[PDB]
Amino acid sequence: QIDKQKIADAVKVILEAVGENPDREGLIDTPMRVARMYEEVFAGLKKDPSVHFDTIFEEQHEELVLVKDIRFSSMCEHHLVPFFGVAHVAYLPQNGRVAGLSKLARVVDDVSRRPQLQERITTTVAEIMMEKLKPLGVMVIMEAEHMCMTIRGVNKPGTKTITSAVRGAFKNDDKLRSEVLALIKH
């Protein structure tokens, strides 16, 4: 349970401090709206994201699985402004241990819903999968645009950041990485 009233009070202080009128009609509810938003976008601070893979797995299957264009969003920890884009998750199941698709997506969301670095989301999702799924390998790629960069002095809209994490077989098998990348293009 987040203390929304405490956050709201801080937001009000911020608004006064930047030279705004916190009592004007457009801002009256902003403090609480910001609080509610933080509650939602930082909910992952209160959750172990690995729990979604504590579940019964899907019917046995032994070949590459790739789930691509999984939308995500997060907040840069440096500036607390959103960054957003897609994640692509590929892996080689071992002994038929396959992840429910919606569980995958929940991991990405849960890891994301806290102040982050894209790099840390990428590796964490890869680590959780290695831990919980014990596959022959995993490859995670994330692609995102950072407002940290679009709205600020630097002002570079259209810049995409791309992170990747390879574990297990994907670390040593370039042909496999290469196939994943080809399948992700389309």
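Residue positions are given as counts along the sequence shown, with the first one as 1.
Colleague: May I ask you to compare 21-29 and 8-16 by their mean CA B factor in the entry and name the higher one?
Modeller: Higher mean C-alpha B-factor: 21-29.
Colleague: Averaging C-alpha B-factors over each stretch, which comes out higher, 124-132 or 55-63?
Modeller: Taking the mean B-factor of the alpha carbons in each, 55-63 is higher.
Colleague: Which one of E40, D48, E119, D69 shows the top CA temperature factor in the record?
Modeller: In the PDB entry, the greatest C-alpha B-factor among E40, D48, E119, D69 is found at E40.
Colleague: State the tercile, meaning the lowest, middle or highest third, of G100 with respect to the CA B-factors recorded for its chain.
Modeller: Tercile = middle for this residue's CA B-factor.
Colleague: Could you look up the Cα B-factor of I151 in the entry and say which third of the chain it sits in: lowest, middle or highest?
Modeller: For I151, whose C-alpha B-factor we compare with every modelled residue in the chain, the answer is the highest third.
Colleague: Going by what the PDB entry lists, where does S164 fall on CA B-factor within its chain: lowest, middle or highest third?
Modeller: It falls in the middle third of the chain.
Colleague: Ordered by C-alpha B-factor within the chain, which third holds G158? Give me lowest, middle or highest, please.
Modeller: Highest third - that is where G158 ends up once the chain's C-alpha B-factors are sorted.
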